[PDB]
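Content type TSV, C-alpha atoms, from the file run-v6.tsv:
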chain	number	residue	atom	x	y	z
A	1	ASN	CA	254.65	75.75	135.12
A	2	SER	CA	253.34	78.98	133.57
A	3	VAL	CA	251.04	81.41	131.72
A	4	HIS	CA	250.26	80.57	128.09
A	5	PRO	CA	252.00	83.21	125.95
A	6	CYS	CA	248.68	83.92	124.19
A	7	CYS	CA	246.65	84.20	127.39
A	8	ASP	CA	245.81	87.37	129.26
A	9	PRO	CA	245.53	86.14	132.88
A	10	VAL	CA	243.59	89.18	134.15
A	11	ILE	CA	240.81	88.51	131.63
A	12	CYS	CA	241.25	84.81	130.82
A	13	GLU	CA	241.00	85.83	127.19
A	14	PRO	CA	243.71	85.97	124.48
A	15	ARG	CA	245.97	89.05	124.60
A	16	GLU	CA	244.40	92.00	122.79
A	17	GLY	CA	244.95	91.69	119.06
A	18	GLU	CA	245.45	87.91	119.11
A	19	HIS	CA	242.72	85.43	118.10
A	20	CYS	CA	243.12	82.25	120.12
A	21	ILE	CA	245.11	80.21	122.60
A	22	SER	CA	245.68	76.78	121.14
A	23	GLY	CA	244.14	74.26	118.72
A	24	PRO	CA	244.85	72.50	115.40
A	25	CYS	CA	243.77	75.72	113.69
A	26	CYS	CA	245.55	78.16	115.96
A	27	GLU	CA	249.21	79.14	115.50
A	28	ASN	CA	251.04	81.84	117.45
A	29	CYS	CA	247.73	83.06	118.85
A	30	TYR	CA	246.21	83.60	115.39
A	31	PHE	CA	243.63	81.65	113.38
A	32	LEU	CA	245.02	79.71	110.40
A	33	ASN	CA	243.64	80.75	107.01
A	34	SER	CA	240.36	79.03	106.24
A	35	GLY	CA	240.88	76.23	103.79
A	36	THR	CA	243.96	75.01	105.64
A	37	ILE	CA	243.79	71.26	105.96
A	38	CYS	CA	243.89	70.25	109.62
A	39	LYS	CA	243.32	66.54	109.13
A	40	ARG	CA	243.35	64.24	106.10
A	41	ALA	CA	240.91	61.37	105.66
A	42	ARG	CA	241.59	57.65	105.15
A	43	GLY	CA	240.18	58.38	101.86
A	44	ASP	CA	237.27	59.87	100.05
A	45	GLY	CA	239.08	63.16	99.83
A	46	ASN	CA	236.64	64.45	102.47
A	47	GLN	CA	239.28	66.22	104.54
A	48	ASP	CA	238.84	68.43	107.55
A	49	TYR	CA	239.60	72.13	107.00
A	50	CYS	CA	240.13	75.09	109.29
A	51	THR	CA	237.32	77.68	109.28
A	52	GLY	CA	239.36	80.85	109.65
A	53	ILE	CA	237.19	81.80	112.65
A	54	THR	CA	237.74	78.99	115.19
A	55	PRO	CA	240.83	77.19	116.55
A	56	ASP	CA	239.40	73.68	116.41
A	57	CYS	CA	239.39	71.26	113.46
A	58	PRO	CA	235.73	70.83	112.44
A	59	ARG	CA	234.52	67.54	111.04
A	60	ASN	CA	233.71	68.04	107.35
A	61	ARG	CA	229.93	68.41	107.08
A	62	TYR	CA	229.71	66.15	104.00
A	63	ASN	CA	230.73	63.29	106.31
A	64	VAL	CA	227.81	60.95	107.11
B	1	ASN	CA	248.64	93.44	138.70
B	2	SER	CA	247.64	89.75	138.60
B	3	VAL	CA	245.87	86.53	137.55
B	4	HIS	CA	242.09	86.48	137.92
B	5	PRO	CA	241.29	84.02	140.73
B	6	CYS	CA	238.87	82.19	138.40
B	7	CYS	CA	241.30	81.99	135.48
B	8	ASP	CA	243.59	79.10	134.64
B	9	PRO	CA	246.53	80.86	132.92
B	10	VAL	CA	247.91	77.70	131.25
B	11	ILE	CA	244.60	77.19	129.43
B	12	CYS	CA	243.05	80.67	129.44
B	13	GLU	CA	239.88	78.98	130.64
B	14	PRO	CA	238.21	79.04	134.08
B	15	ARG	CA	239.76	76.71	136.68
B	16	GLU	CA	238.38	73.18	136.39
B	17	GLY	CA	235.02	72.94	138.11
B	18	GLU	CA	234.25	76.66	137.87
B	19	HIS	CA	231.90	78.15	135.25
B	20	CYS	CA	233.07	81.64	134.36
B	21	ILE	CA	235.42	84.52	134.98
B	22	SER	CA	233.38	87.66	135.38
B	23	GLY	CA	230.06	89.24	134.34
B	24	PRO	CA	226.76	90.49	135.81
B	25	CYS	CA	225.69	86.85	135.97
B	26	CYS	CA	228.91	85.39	137.28
B	27	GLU	CA	229.80	85.30	140.99
B	28	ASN	CA	232.82	83.55	142.50
B	29	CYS	CA	233.45	81.81	139.20
B	30	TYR	CA	229.95	80.29	139.07
B	31	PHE	CA	226.86	81.12	137.02
B	32	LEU	CA	224.02	82.78	138.97
B	33	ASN	CA	220.75	80.83	139.04
B	34	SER	CA	218.66	81.50	135.97
B	35	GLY	CA	215.84	83.85	136.78
B	36	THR	CA	218.13	86.13	138.78
B	37	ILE	CA	217.43	89.70	137.83
B	38	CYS	CA	220.58	91.34	136.49
B	39	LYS	CA	219.03	94.64	135.46
B	40	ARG	CA	215.66	96.29	136.11
B	41	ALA	CA	213.81	98.32	133.49
B	42	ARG	CA	212.61	101.94	133.62
B	43	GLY	CA	209.34	100.29	133.57
B	44	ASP	CA	207.20	97.81	131.78
B	45	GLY	CA	208.35	95.10	134.11
B	46	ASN	CA	210.40	93.74	131.20
B	47	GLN	CA	213.53	93.10	133.25
B	48	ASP	CA	216.74	91.42	132.20
B	49	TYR	CA	217.39	88.00	133.77
B	50	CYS	CA	220.41	85.73	134.01
B	51	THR	CA	220.23	82.57	131.88
B	52	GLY	CA	221.96	80.13	134.21
B	53	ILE	CA	224.34	79.22	131.36
B	54	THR	CA	226.13	82.49	130.49
B	55	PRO	CA	227.84	85.23	132.55
B	56	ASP	CA	226.40	88.18	130.64
B	57	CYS	CA	223.07	89.94	131.21
B	58	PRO	CA	220.95	89.25	128.11
B	59	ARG	CA	218.47	91.81	126.87
B	60	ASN	CA	214.96	90.47	127.48
B	61	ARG	CA	213.70	89.11	124.14
B	62	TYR	CA	210.22	90.64	124.58
B	63	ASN	CA	211.93	94.04	124.22
B	64	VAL	CA	211.23	95.67	120.84
Please express the file's structure as C-alpha cells.
Amino acid sequence: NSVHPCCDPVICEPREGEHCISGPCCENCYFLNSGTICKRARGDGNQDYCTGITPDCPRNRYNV
Amino acid sequence: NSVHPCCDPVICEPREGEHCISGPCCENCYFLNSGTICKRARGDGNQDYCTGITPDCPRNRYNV
C-alpha cells in the first residue's frame, strides 16, 4: 500500500512539526491532550489516561 | 528524493528485523557492536563508544 501520512520516509520520523505516527493517544500526527481517557476500567474508576507526551495508552500507575 | 532503505514507511519504524535508521553507531540498519569507538578525544583516552543498543554516539560518562 503506502506511506503513512504522518511519516517522513527519508528520516523514518514524523514529518517536521508533527508529534507521532499512530497510537490510542495520537490523532492526526499530534499527541492528544494529557488527561484524555484512552481506556475505561471495568470499574474502580482507575482509568487509563493519555500523557500528552507519548502516543500509547499507559496503564494507570495506581493499578496493582 | 526517496525512502530510506532501512525505513518502513507504513510504520515509520525500521524494517522488521533491522535495528535502526542512521547514526554514528548504525550501519546497514544494524547497531554496531558495543565497544566500537565512534569518536576519539583530543586526549585523555576518554573516547566515545557505541552502546550496542542505540544508534547515537554517547558522550563518555567519565567526562566532566
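Here atom CA of residue 47 of chain A and atom CA of residue 20 of chain A stand 22.7 Å from one another.
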Identify all chain B residues at most 9 Å from chain A by counting only C-alpha atoms; ligands do not count. Present them as a ChimeraX atom specification. /B:1-14,21-22
Expected file: the selected residues, C-alpha atoms, as a PDB file, in the coordinates of the input:
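And here's part-v2.pdb as it stands now:
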ATOM      1  CA  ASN B   1     248.640  93.440 138.700  1.00  0.00           C
ATOM      2  CA  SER B   2     247.640  89.750 138.600  1.00  0.00           C
ATOM      3  CA  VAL B   3     245.870  86.530 137.550  1.00  0.00           C
ATOM      4  CA  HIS B   4     242.090  86.480 137.920  1.00  0.00           C
ATOM      5  CA  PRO B   5     241.290  84.020 140.730  1.00  0.00           C
ATOM      6  CA  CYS B   6     238.870  82.190 138.400  1.00  0.00           C
ATOM      7  CA  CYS B   7     241.300  81.990 135.480  1.00  0.00           C
ATOM      8  CA  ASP B   8     243.590  79.100 134.640  1.00  0.00           C
ATOM      9  CA  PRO B   9     246.530  80.860 132.920  1.00  0.00           C
ATOM     10  CA  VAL B  10     247.910  77.700 131.250  1.00  0.00           C
ATOM     11  CA  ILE B  11     244.600  77.190 129.430  1.00  0.00           C
ATOM     12  CA  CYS B  12     243.050  80.670 129.440  1.00  0.00           C
ATOM     13  CA  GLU B  13     239.880  78.980 130.640  1.00  0.00           C
ATOM     14  CA  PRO B  14     238.210  79.040 134.080  1.00  0.00           C
ATOM     15  CA  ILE B  21     235.420  84.520 134.980  1.00  0.00           C
ATOM     16  CA  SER B  22     233.380  87.660 135.380  1.00  0.00           C
TER      17      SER B  22
END
Can I have chain B aligned to chain A? Use a least-squares fit on all Cα atoms paired in order and write it out as an mmCIF file with C-alpha atoms, in the coordinates of the input.
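The resulting file, part-v9.cif, is shown below:
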data_model
loop_
_atom_site.group_PDB
_atom_site.id
_atom_site.type_symbol
_atom_site.label_atom_id
_atom_site.label_comp_id
_atom_site.auth_asym_id
_atom_site.auth_seq_id
_atom_site.Cartn_x
_atom_site.Cartn_y
_atom_site.Cartn_z
ATOM 1 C CA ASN B 1 254.651 75.750 135.125
ATOM 2 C CA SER B 2 253.335 78.986 133.570
ATOM 3 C CA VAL B 3 251.036 81.411 131.715
ATOM 4 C CA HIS B 4 250.261 80.570 128.093
ATOM 5 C CA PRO B 5 251.998 83.213 125.952
ATOM 6 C CA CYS B 6 248.680 83.920 124.185
ATOM 7 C CA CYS B 7 246.645 84.198 127.387
ATOM 8 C CA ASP B 8 245.809 87.372 129.264
ATOM 9 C CA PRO B 9 245.525 86.132 132.881
ATOM 10 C CA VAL B 10 243.589 89.184 134.154
ATOM 11 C CA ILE B 11 240.815 88.504 131.630
ATOM 12 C CA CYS B 12 241.251 84.806 130.825
ATOM 13 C CA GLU B 13 241.005 85.828 127.186
ATOM 14 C CA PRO B 14 243.706 85.969 124.482
ATOM 15 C CA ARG B 15 245.969 89.044 124.604
ATOM 16 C CA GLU B 16 244.406 91.999 122.793
ATOM 17 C CA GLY B 17 244.951 91.688 119.063
ATOM 18 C CA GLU B 18 245.445 87.914 119.106
ATOM 19 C CA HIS B 19 242.718 85.431 118.101
ATOM 20 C CA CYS B 20 243.121 82.249 120.114
ATOM 21 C CA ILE B 21 245.106 80.217 122.590
ATOM 22 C CA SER B 22 245.673 76.789 121.139
ATOM 23 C CA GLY B 23 244.143 74.260 118.716
ATOM 24 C CA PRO B 24 244.852 72.503 115.396
ATOM 25 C CA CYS B 25 243.767 75.721 113.697
ATOM 26 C CA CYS B 26 245.547 78.159 115.957
ATOM 27 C CA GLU B 27 249.206 79.139 115.495
ATOM 28 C CA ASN B 28 251.039 81.838 117.450
ATOM 29 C CA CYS B 29 247.739 83.056 118.843
ATOM 30 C CA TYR B 30 246.214 83.593 115.385
ATOM 31 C CA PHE B 31 243.630 81.653 113.384
ATOM 32 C CA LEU B 32 245.019 79.709 110.398
ATOM 33 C CA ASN B 33 243.636 80.749 107.006
ATOM 34 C CA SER B 34 240.363 79.030 106.247
ATOM 35 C CA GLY B 35 240.881 76.230 103.793
ATOM 36 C CA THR B 36 243.970 75.002 105.635
ATOM 37 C CA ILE B 37 243.791 71.260 105.957
ATOM 38 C CA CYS B 38 243.889 70.256 109.617
ATOM 39 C CA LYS B 39 243.320 66.541 109.134
ATOM 40 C CA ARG B 40 243.353 64.238 106.101
ATOM 41 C CA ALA B 41 240.909 61.369 105.656
ATOM 42 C CA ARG B 42 241.593 57.648 105.158
ATOM 43 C CA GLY B 43 240.175 58.381 101.861
ATOM 44 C CA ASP B 44 237.273 59.875 100.050
ATOM 45 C CA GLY B 45 239.073 63.162 99.826
ATOM 46 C CA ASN B 46 236.644 64.448 102.465
ATOM 47 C CA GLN B 47 239.287 66.217 104.537
ATOM 48 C CA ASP B 48 238.831 68.436 107.553
ATOM 49 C CA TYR B 49 239.605 72.134 107.000
ATOM 50 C CA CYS B 50 240.135 75.098 109.294
ATOM 51 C CA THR B 51 237.319 77.673 109.285
ATOM 52 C CA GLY B 52 239.357 80.849 109.645
ATOM 53 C CA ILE B 53 237.193 81.802 112.649
ATOM 54 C CA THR B 54 237.739 78.989 115.187
ATOM 55 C CA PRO B 55 240.831 77.188 116.556
ATOM 56 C CA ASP B 56 239.394 73.675 116.412
ATOM 57 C CA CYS B 57 239.392 71.264 113.463
ATOM 58 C CA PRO B 58 235.739 70.825 112.441
ATOM 59 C CA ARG B 59 234.518 67.541 111.039
ATOM 60 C CA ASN B 60 233.717 68.038 107.351
ATOM 61 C CA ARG B 61 229.925 68.410 107.084
ATOM 62 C CA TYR B 62 229.701 66.155 104.000
ATOM 63 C CA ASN B 63 230.727 63.290 106.314
ATOM 64 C CA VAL B 64 227.817 60.954 107.116
#
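Between atom CA of residue 57 of chain B and atom CA of residue 30 of chain B lies a distance of 14.2 Å.
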Report the distance between atom CA of residue 55 of chain B and atom CA of residue 35 of chain B in Å, rounded to one decimal place. 12.8 Å
Per-axis box centre and lengths in Å around segment 39-49 of chain B, 8 Å margin per side, axis-aligned, as lines of an AutoDock Vina configuration file:
center_x = 213.1
center_y = 95.0
center_z = 133.7
size_x = 27.8
size_y = 29.9
size_z = 20.9
Using all atoms listed in the file, determine which residues lie at most 10 Å from residue 51 of chain A, disregarding the query and same-chain residues fewer than 6 positions distant; provide the list as a VMD selection string. chain A and resid 25 31 to 38 57 to 58
Which residue out of B:15, B:43, B:63, B:49 has the minimum interatomic distance to residue 29 of chain B when all atoms listed in the file are used? B:15
Quick one: segment 29-48 of chain B with N, CA and C atoms, as a PDB file, in the frame of the given file?
ATOM      1  N   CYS B  29     233.127  82.787 140.221  1.00  0.00           N
ATOM      2  CA  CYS B  29     233.450  81.810 139.200  1.00  0.00           C
ATOM      3  C   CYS B  29     232.297  80.903 138.803  1.00  0.00           C
ATOM      4  N   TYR B  30     231.126  81.106 139.405  1.00  0.00           N
ATOM      5  CA  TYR B  30     229.950  80.290 139.070  1.00  0.00           C
ATOM      6  C   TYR B  30     228.834  81.115 138.455  1.00  0.00           C
ATOM      7  N   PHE B  31     228.021  80.472 137.629  1.00  0.00           N
ATOM      8  CA  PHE B  31     226.860  81.120 137.020  1.00  0.00           C
ATOM      9  C   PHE B  31     225.790  81.359 138.086  1.00  0.00           C
ATOM     10  N   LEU B  32     225.225  82.560 138.149  1.00  0.00           N
ATOM     11  CA  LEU B  32     224.020  82.780 138.970  1.00  0.00           C
ATOM     12  C   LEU B  32     222.829  81.962 138.463  1.00  0.00           C
ATOM     13  N   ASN B  33     221.961  81.553 139.375  1.00  0.00           N
ATOM     14  CA  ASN B  33     220.750  80.830 139.040  1.00  0.00           C
ATOM     15  C   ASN B  33     219.971  81.600 137.976  1.00  0.00           C
ATOM     16  N   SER B  34     219.470  80.863 136.993  1.00  0.00           N
ATOM     17  CA  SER B  34     218.660  81.500 135.970  1.00  0.00           C
ATOM     18  C   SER B  34     217.354  81.975 136.578  1.00  0.00           C
ATOM     19  N   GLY B  35     216.889  83.127 136.102  1.00  0.00           N
ATOM     20  CA  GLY B  35     215.840  83.850 136.780  1.00  0.00           C
ATOM     21  C   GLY B  35     216.326  85.033 137.588  1.00  0.00           C
ATOM     22  N   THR B  36     217.594  85.028 137.981  1.00  0.00           N
ATOM     23  CA  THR B  36     218.130  86.130 138.780  1.00  0.00           C
ATOM     24  C   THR B  36     218.142  87.377 137.963  1.00  0.00           C
ATOM     25  N   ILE B  37     217.519  88.413 138.506  1.00  0.00           N
ATOM     26  CA  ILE B  37     217.430  89.700 137.830  1.00  0.00           C
ATOM     27  C   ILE B  37     218.795  90.362 137.803  1.00  0.00           C
ATOM     28  N   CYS B  38     219.251  90.757 136.619  1.00  0.00           N
ATOM     29  CA  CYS B  38     220.580  91.340 136.490  1.00  0.00           C
ATOM     30  C   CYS B  38     220.489  92.804 136.064  1.00  0.00           C
ATOM     31  N   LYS B  39     219.286  93.228 135.695  1.00  0.00           N
ATOM     32  CA  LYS B  39     219.030  94.640 135.460  1.00  0.00           C
ATOM     33  C   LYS B  39     217.534  94.929 135.417  1.00  0.00           C
ATOM     34  N   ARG B  40     217.063  95.887 136.211  1.00  0.00           N
ATOM     35  CA  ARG B  40     215.660  96.290 136.110  1.00  0.00           C
ATOM     36  C   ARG B  40     215.427  97.340 135.045  1.00  0.00           C
ATOM     37  N   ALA B  41     214.192  97.381 134.544  1.00  0.00           N
ATOM     38  CA  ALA B  41     213.810  98.320 133.490  1.00  0.00           C
ATOM     39  C   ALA B  41     213.142  99.561 134.052  1.00  0.00           C
ATOM     40  N   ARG B  42     213.315 100.684 133.345  1.00  0.00           N
ATOM     41  CA  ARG B  42     212.610 101.940 133.620  1.00  0.00           C
ATOM     42  C   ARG B  42     211.098 101.832 133.761  1.00  0.00           C
ATOM     43  N   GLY B  43     210.440 101.011 132.957  1.00  0.00           N
ATOM     44  CA  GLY B  43     209.340 100.290 133.570  1.00  0.00           C
ATOM     45  C   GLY B  43     208.256  99.828 132.639  1.00  0.00           C
ATOM     46  N   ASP B  44     208.344  98.552 132.298  1.00  0.00           N
ATOM     47  CA  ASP B  44     207.200  97.810 131.780  1.00  0.00           C
ATOM     48  C   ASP B  44     207.059  96.580 132.664  1.00  0.00           C
ATOM     49  N   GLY B  45     208.004  96.418 133.599  1.00  0.00           N
ATOM     50  CA  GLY B  45     208.350  95.100 134.110  1.00  0.00           C
ATOM     51  C   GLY B  45     209.011  94.119 133.132  1.00  0.00           C
ATOM     52  N   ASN B  46     209.620  94.620 132.056  1.00  0.00           N
ATOM     53  CA  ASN B  46     210.400  93.740 131.200  1.00  0.00           C
ATOM     54  C   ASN B  46     211.883  93.732 131.587  1.00  0.00           C
ATOM     55  N   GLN B  47     212.189  93.051 132.684  1.00  0.00           N
ATOM     56  CA  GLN B  47     213.530  93.100 133.250  1.00  0.00           C
ATOM     57  C   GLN B  47     214.457  92.102 132.595  1.00  0.00           C
ATOM     58  N   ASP B  48     215.754  92.345 132.731  1.00  0.00           N
ATOM     59  CA  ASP B  48     216.740  91.420 132.200  1.00  0.00           C
ATOM     60  C   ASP B  48     217.146  90.388 133.252  1.00  0.00           C
TER      61      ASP B  48
END
